[PDB]
Each structure stands twice: as structure tokens, then as C-alpha cells.
Amino acid sequence: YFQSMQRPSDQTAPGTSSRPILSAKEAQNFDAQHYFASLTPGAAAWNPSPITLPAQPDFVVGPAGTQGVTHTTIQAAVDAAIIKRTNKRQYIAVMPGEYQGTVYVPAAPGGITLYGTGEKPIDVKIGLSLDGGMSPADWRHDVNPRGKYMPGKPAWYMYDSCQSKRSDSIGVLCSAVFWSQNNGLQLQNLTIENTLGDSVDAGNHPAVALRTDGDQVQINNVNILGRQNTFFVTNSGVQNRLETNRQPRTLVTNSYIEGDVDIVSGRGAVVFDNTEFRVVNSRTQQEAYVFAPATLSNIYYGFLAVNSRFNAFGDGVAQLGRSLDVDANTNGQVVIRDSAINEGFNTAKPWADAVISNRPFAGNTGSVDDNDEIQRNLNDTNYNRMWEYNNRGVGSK
């Protein structure tokens, strides 16, 4: 038997307290089928089929006067889809262009598919600048010009949950450009950006590009561009706050996600396959964290990054993640497997202390028992739940 010429990952279980590494046996519990498991018995895990585009879309968003365009804003087309009150999936094509303004996709009986028709995802750009620190008055002005959101239009309940706030600042959970609660949302071939970008300093400036709260959501060949809190998943219902008994599942494939601090955050089971994550250092050079899961401590599945690529600029500043300790019963969960970690990461301490609580990072290296098998409870609340398996690249060593 001749020797495979394949280069083995140099990551060997159990790893270290700073960088715990799963055994093969442990890693079998951390694949998409487990992350996507149903809760009913008699029920198969979610196995989504790929997004399929129709020969004709239901709605077309584009420049005014162009042939075949139905609507000039994306919110208007979403509203036209929602008012039908149908169980059937609706498809909204978006022509190449720049589309300034929020897009709120409400919970509905049927799924909405929104897709770009450009040669690349960058050809359709959806954006607005919104900062969690901004005043409600400034927020209302920027989000709702000319009666975009009014009682009796779709997505009112979403807008109203934010606009009613009388706090000094609107908060991260209202800073999203694109916010969906639609189960079954599908996004393909477009760019979603919170354009706050480098207009602000290195401090706390939550500015979500895409927020998704729906179950069975598929995002394919999308660019999600931001700085702090670029992509946020939550398990919220109509009250707009994190919940304790709902586990939405999202699949992100073939996508590009850029930011700096807590680039992918929140509560939900999310699988990232063949996604590139890029840390930028144009706004802050002092810190960067890719994943900030807020997974409930009784829930076993948070984030899974598989067959993905991680790139960072600076000199070993960037980290893979930190737990988002939003409440006492949170212990964020993430597995990064089979992925390339390239230059720019802190290889000695890839996981940071928790945000909000400042809970020190604690990796569980477990013990060995009879005939030399690593043993540890992967859901032990005394340790973090941030793990790697079979990664490669300079940043994997």
C-alpha cells in the first residue's frame, strides 16, 4: 500500500486550552445533518435542495421605464409578494443597480426568493448606513422616507418595533439593512452592505448588513459586507428580541462575508459551506473576531463553518471568535472544520474572551480514559464551545 501524497492537517486532538481540537469521533456530531436536525420525532433533518430559478419571475425590480420592471424598490416588490397571502414560493428578480434603503421581509405563509440578475453578485447592491448608536429620530428619517413603512403595509410590525423606541440609541437589533423573518427566504447573486463602513471610528458601532430570523433560510453566492456585526442571526419572533425556545436553521453557501468585529453573530443554527470570510482593518486595527455565537447553553448547535476560507490583513491581531454572552444561559457554539485559515490570525490565542460578560476564554482539553480515548463533555458550561477540526493553512498551526 503506497503513501497518499495528501498533506495532513497538523491539528491534533485534543489541542490546547487556547485552541481545542476535536477528535474524529467527536467531529462526527458536527455536520450539517446534526445542525439541521428537526425537533419532532418521525422527522428528518432539513436537507435543502438548491435554489432553483423560474423561467419567469413573479416580480422584477429595476430602473424606472426599463422593460419588464414591475417595481423600482425592493421593498415594494416584497410587499407585492406578501399581500398575495399565498403558500407558494414567490420569486423577485433584481436587475443590476444600486438600491438604497432597507428591505424588511416579514413572516409569511410562503417563501420569498430574491435574486440578482447581474454577471456577479456585486452587480446588484442593496445598502444603507445604519448604526446601532444612532438616535431613533435619525433612524426613522433614514429608514422611512415618504411612507415606505405605514400601518397596513407589510412589514409594519418590524418597523414599528424599532421606531417606537424612546431610548438614546436604536440598538444593534434595529441596525440591519436587510432584515428577514420569512421562513424559507432564499437569497442569491446579490450584495447586501451596511455602508456605514469607515465613516466611524474603531469603537462600538454595530451596523448589521443582513439579519435573518427565519427557519429554512438559504443564502447562496451572496456578498455580505460590513464592519461590526455584518451578519446577524436571531431566533426572534414578532417581539424583536432573542428568545429561549426556537432554533432557526440557515444554510449559507458559496458566499463572501467581510467585516471586523463579530462579523457573524447571534442565535440560530447556521451552516457555512464554501464561504470566504475576510477580516478588514480599515476601521479598526486593534481587534477582529469572525464568529460571535449567542447559542443557548442547553442547545447543542450554533455555527458550523465547513470547507471555508478565512483571510485577515494585519499582523496576527484577528481572532476566529468569542462568545456573545447576551444572557446567563448563553455559551456560544462554533465548529470550524475542513477549512483554510490563512495569514493574519492570532494562532496562539484564536479565541477571545466573551463580549458583554468578559468571561475569560476557556478551552476544554478533556481527559483520557480506558485504552487512551479523549473524553470530554462538549456541552460543559464550565468551558467554551468553540472548536476546530482538520483545518489547514498557516493560521491553522
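Residues numbered from 1 in each chain as written, not as in the entry; some residues may be left out. Heavy atoms only, no water.

- Looking at the method and resolution fields of the entry, one finds X-ray crystallography and 1.70 Å.

### Re the pairing of strand β6 (residues 124-128)
Reasoning step 1: With four of five residues buried, β6 lies mostly within the body of the structure.
Reasoning step 2: Bridging between strand β3 (residues 97-100) and β6 involves four bridges; their strand directions are parallel. Of the residues in β6, the one forming a bridge with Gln100 is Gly127.
Reasoning step 3: Strand direction decides the pairing type here: β6 and strand β9 (residues 191-194), joined by four bridges, are parallel. When the sheet's bridge partners are listed, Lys125 is paired in β9 with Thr191. (Buried < 20%, exposed > 50% of the residue type's maximum accessible area, 1.4 Å probe, protein only. Helix = DSSP H or I, 4+ residues; strand = E, 2+ residues; numbered from the N terminus. Pairing = 2+ DSSP bridges.)

### Here we look at the side chain of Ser180
Reasoning step 1: Secondary-structure assignment places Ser180 in strand β7 (residues 178-180).
Reasoning step 2: Judged by its relative accessible area of 0%, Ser180 is buried.
Reasoning step 3: A polar contact of 3.0 Å, which involves the side chain of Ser180, links it to the backbone nitrogen of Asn182.
Reasoning step 4: In this structure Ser180 touches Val105, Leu185, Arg211, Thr212, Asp213 and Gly214, once residues within four positions along its chain are discounted. (Polar contact = N/O pair within 3.5 Å; in protein donor to acceptor, adjacent residues only side chain to side chain. Contact = heavy atoms within 4.5 Å.)

### Focus: the pairing of strand β23 (residues 333-337)
Reasoning step 1: Burial analysis of β23 places five of its five residues in the buried class, the great majority of the element.
Reasoning step 2: Both faces of β23 are covered, namely the face carrying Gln333, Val335 and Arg337 and the face carrying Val334 and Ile336.
Reasoning step 3: Two strands pair when backbone bridges link them, and strand β20 (residues 303-306) and β23 are joined in this way by four bridges, in the parallel orientation. Residue pairing across strands places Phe303 opposite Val334, the latter belonging to β23.
Reasoning step 4: Here five bridges tie β23 to strand β27 (residues 385-389), and the two strands are oriented parallel to one another. Of the residues in β27, the one forming a bridge with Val334 is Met386.

### Here we look at empty space enclosed by the protein
Reasoning step 1: According to the stated counting rule, one finds two cavities of 30 Å³ or more in the structure shown.
Reasoning step 2: Here the largest cavity is characterised by a volume of approximately 50 Å³.
Reasoning step 3: Residue classes in the lining of the largest cavity are distributed as three nonpolar, five polar and two charged.
Reasoning step 4: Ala81, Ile82, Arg85, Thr86, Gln90, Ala108, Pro109 and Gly110 are the residues that line the second largest cavity.
Reasoning step 5: Its residues placed into classes, the lining of the second largest cavity shows four nonpolar, three polar and one charged. (1 Å grid on protein atoms, 1.4 Å probe; cavity = no way out; pocket = protein on both sides within 12 Å on 5 of 7 lines; lining within 4 Å. Points joined across faces, edges and corners; volume = space filled by probe spheres on them. Nonpolar A, V, L, I, M, F, W, Y, C, P; charged D, E, K, R; others polar.)

### Regarding the environment of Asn329
Reasoning step 1: The topology assignment puts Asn329 in the loop between β22 (319-321) and β23.
Reasoning step 2: With relative accessibility at 40%, the residue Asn329 sits in the partly exposed group.
Reasoning step 3: When the C-alpha atoms of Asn329 and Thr381 are compared, they prove to be 9.2 Å apart, with 52 residues separating the residues in sequence.
Reasoning step 4: Setting aside residues up to four positions removed in sequence, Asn329 forms contacts with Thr295, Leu296, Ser297 and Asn298.
Reasoning step 5: In terms of polar contacts, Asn329 uses its side chain to reach the side chain of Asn298, at 3.3 Å.

### Digging into the packing of aromatic side chains
Reasoning step 1: Counted according to the given criterion, the structure contains 17 aromatic pairs.
Reasoning step 2: Ring geometry for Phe277 versus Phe310: centroids 4.8 Å apart, planes at 5°, classification stacked. Taken together, the residues span a long stretch of sequence, with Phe277 in strand β18 (residues 276-279) and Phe310 in strand β21 (residues 309-312) at a distance of 33 residues. There is no split in this pair, since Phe277 and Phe310 are both buried.
Reasoning step 3: Here a set of aromatic residues connected by ring pairs shows up, and it is made of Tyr104, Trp139, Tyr149, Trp156, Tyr159 and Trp179.
Reasoning step 4: Its guanidinium or amino end placed over the ring of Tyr289, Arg322 lies 3.8 Å from that ring's centre, counting from NZ or CZ. (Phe/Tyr/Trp six-rings, centres within 6.5 Å; stacked < 30°, edge-to-face > 60°. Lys NZ or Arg CZ within 6 Å of the ring centre and 35° of its normal.)

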